[PDB]
Amino acid sequence: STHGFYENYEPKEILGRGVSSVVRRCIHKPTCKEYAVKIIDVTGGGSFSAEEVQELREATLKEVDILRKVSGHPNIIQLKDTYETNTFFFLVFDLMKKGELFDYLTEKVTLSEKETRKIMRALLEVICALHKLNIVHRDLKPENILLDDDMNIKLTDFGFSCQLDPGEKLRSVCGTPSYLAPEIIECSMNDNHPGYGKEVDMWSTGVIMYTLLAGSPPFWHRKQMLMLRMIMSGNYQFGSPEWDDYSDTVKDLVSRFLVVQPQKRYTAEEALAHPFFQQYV
Ligand SMILES: Nc1ncnc2c1ncn2[C@@H]1O[C@H](COP(=O)(O)OP(=O)(O)OP(=O)(O)O)[C@@H](O)[C@H]1O
Ligand SMILES: [Mn+2]
Ligand SMILES: [Mn+2]
């Protein structure tokens, strides 16, 4: 499969990395077309522990299977090819040439209300289609939303995703602590807690919507545990110079993702019916 991979593609420059991966631009030899390959080291560079190797191999098998499930959506990355050797996995994808939403937010500082509107509608439609399949992404954040050549977003990174059976609940904690829903944190501090569902994605959506308009996240503290209490209490504001220029309509939408009790939180469908997206009914 390594021969298979290097037999069919010429590897190019690094585009990004993760704890146990490297993503590169690569050229398909037969077509001369360009792709992005995510290279996952299941061994972890000679340092994990046999058990973990099989936790990482079944992790990426879960990832590939979630990707085959969501294929075809216009705003979701397309897995085009996969190769598997004893240590490495190779996921071949369409090449997103305008990088991350993160990188784009870094250079613009903040995004206007109309640009945020366009991005958020595209993401909510994505999330809506995931949730109908009962898929929870669990890593929604600006680094995992990419931009193609016309600046339309492409949801990517399904490495923590899962399909749920009817009424099932999750318990493991994964994802970036600034984007983590409260019920996840709660769950990590109580064995008796019910577990969390699809709604964690609607919290993250809230932190992303907020952050594109403010240029900074709604819940931060240099000391993690105090940041987590802020999140668990849902203690944030539309403040200082930061929110002065925006409508009341956007802020109302945001505050409806940013609700602690999951039951009371907006769903992807509720968010698309808000007045904020109804200008042209
Ligand atoms: N299809 C792609 N087109 C262009 N660049 C990409 C593509 N896929 C990934 N990259 C880049 O590589 C980075 C890492 O990709 P990905 O999120 O899929 O890796 P990961 O190891 O799962 O990351 P994480 O630490 O968030 O778990 C992305 O955030 C992006 O910069
Ligand atoms: Mn990622
Ligand atoms: Mn990931």
# chains A, B, ... in the order shown; residues from 1 in each chain; ligands from 1
$ residues_near_ligand --ligand "ligand 2" --cutoff "10 Å" --atoms "only C-alpha atoms and all ligand atoms" --output "VMD selection string"
chain A and resid 16 to 19 21 100 139 to 145 156 to 160 175
$ residues_around --residues "residue A:25" --least-positions-apart "5" --cutoff "6 Å" --atoms "only C-alpha atoms" --output "list in words"
residues 12, 13, 35 and 36 of chain A
$ residues_around --residues "residue A:99" --least-positions-apart "5" --cutoff "9 Å" --atoms "only C-alpha atoms" --output "NGL selection string"
:A and (15 or 104 or 143 or 145-148)
$ write_last_selection --atoms "C-alpha atoms" --output "compact mmCIF listing (two decimals), in the first residue's frame"
# COMPACT_ATOMS: atom_id res chain seq x y z
CA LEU A 15 -0.25 21.65 4.58
CA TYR A 104 -8.77 33.30 7.19
CA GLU A 143 -9.24 24.78 11.93
CA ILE A 145 -13.57 24.02 8.28
CA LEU A 146 -11.63 24.65 5.07
CA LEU A 147 -11.97 26.95 2.11
CA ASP A 148 -12.04 25.90 -1.55
$ closest_residue --among "A:88, A:93, A:220, A:277" --to "residue A:124" --atoms "only C-alpha atoms"
A:277
$ select_by_dssp --residues "stretch 181-235 of chain A" --states "helix (DSSP H, G or I)" --output "VMD selection string"
chain A and resid 182 to 188 199 to 214 224 to 233
$ closest_residue --among "A:267, A:224, A:60, A:249" --to "residue A:200" --atoms "only C-alpha atoms"
A:267
$ residues_around --residues "stretch 4-9 of chain A" --least-positions-apart "3" --cutoff "10 Å" --atoms "only C-alpha atoms" --output "list in words"
residues 1, 12, 25, 26, 27, 28, 29, 30, 31, 32, 33, 34, 35, 37, 81, 82, 83, 84, 85, 89, 90, 91 and 92 of chain A
$ select_by_dssp --residues "stretch 156-258 of chain A" --states "strand (DSSP E or B)" --output "PyMOL selection string"
chain A and resi 162-163+170+196
$ closest_residue --among "A:39, A:133, A:123, A:70" --to "residue A:2" --atoms "only C-alpha atoms"
A:39
$ atom_distance --atom1 "atom 9 (C, counted along the ligand's line) of ligand 1" --atom2 "atom CA of residue A:164"
25.0 Å
$ residues_around --residues "residue A:273" --least-positions-apart "4" --cutoff "12 Å" --atoms "only C-alpha atoms" --output "mmCIF file with N, CA, C and O atoms, in the first residue's frame"
data_model
loop_
_atom_site.group_PDB
_atom_site.id
_atom_site.type_symbol
_atom_site.label_atom_id
_atom_site.label_comp_id
_atom_site.auth_asym_id
_atom_site.auth_seq_id
_atom_site.Cartn_x
_atom_site.Cartn_y
_atom_site.Cartn_z
ATOM 1 N N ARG A 121 -24.612 29.707 7.450
ATOM 2 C CA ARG A 121 -25.727 29.047 6.781
ATOM 3 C C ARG A 121 -25.176 27.784 6.138
ATOM 4 O O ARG A 121 -25.852 26.754 6.059
ATOM 5 N N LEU A 124 -24.476 25.192 9.071
ATOM 6 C CA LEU A 124 -25.692 24.727 9.678
ATOM 7 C C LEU A 124 -26.373 23.740 8.754
ATOM 8 O O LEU A 124 -26.751 22.697 9.254
ATOM 9 N N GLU A 125 -26.362 23.965 7.449
ATOM 10 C CA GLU A 125 -26.886 23.006 6.493
ATOM 11 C C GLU A 125 -26.053 21.699 6.547
ATOM 12 O O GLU A 125 -26.599 20.602 6.403
ATOM 13 N N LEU A 253 -29.382 35.111 18.006
ATOM 14 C CA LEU A 253 -29.029 33.787 17.515
ATOM 15 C C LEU A 253 -27.899 33.152 18.343
ATOM 16 O O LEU A 253 -28.035 32.021 18.817
ATOM 17 N N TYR A 266 -30.582 25.535 20.894
ATOM 18 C CA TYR A 266 -31.021 25.463 19.495
ATOM 19 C C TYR A 266 -30.432 24.262 18.772
ATOM 20 O O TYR A 266 -29.286 23.843 19.017
ATOM 21 N N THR A 267 -31.195 23.623 17.890
ATOM 22 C CA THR A 267 -30.773 22.582 17.011
ATOM 23 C C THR A 267 -30.380 23.293 15.683
ATOM 24 O O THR A 267 -30.777 24.409 15.401
ATOM 25 N N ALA A 268 -29.741 22.526 14.796
ATOM 26 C CA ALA A 268 -29.376 23.070 13.495
ATOM 27 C C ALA A 268 -30.579 23.584 12.724
ATOM 28 O O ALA A 268 -30.503 24.679 12.139
ATOM 29 N N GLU A 269 -31.703 22.883 12.759
ATOM 30 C CA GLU A 269 -32.939 23.303 12.133
ATOM 31 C C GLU A 269 -33.551 24.543 12.768
ATOM 32 O O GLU A 269 -33.990 25.393 12.025
ATOM 33 N N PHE A 277 -31.747 34.341 9.263
ATOM 34 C CA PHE A 277 -31.570 33.771 7.945
ATOM 35 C C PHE A 277 -32.809 33.903 7.064
ATOM 36 O O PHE A 277 -32.771 33.368 5.959
ATOM 37 N N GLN A 278 -33.792 34.665 7.522
ATOM 38 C CA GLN A 278 -35.017 34.825 6.752
ATOM 39 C C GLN A 278 -35.173 36.071 5.898
ATOM 40 O O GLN A 278 -36.319 36.351 5.489
ATOM 41 N N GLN A 279 -34.127 36.806 5.572
ATOM 42 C CA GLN A 279 -34.300 38.013 4.770
ATOM 43 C C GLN A 279 -35.070 37.863 3.474
ATOM 44 O O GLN A 279 -35.852 38.736 3.094
ATOM 45 N N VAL A 281 -37.223 35.150 2.390
ATOM 46 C CA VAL A 281 -38.231 34.093 2.338
ATOM 47 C C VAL A 281 -39.009 34.068 1.028
ATOM 48 O O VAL A 281 -39.436 35.146 0.569
#
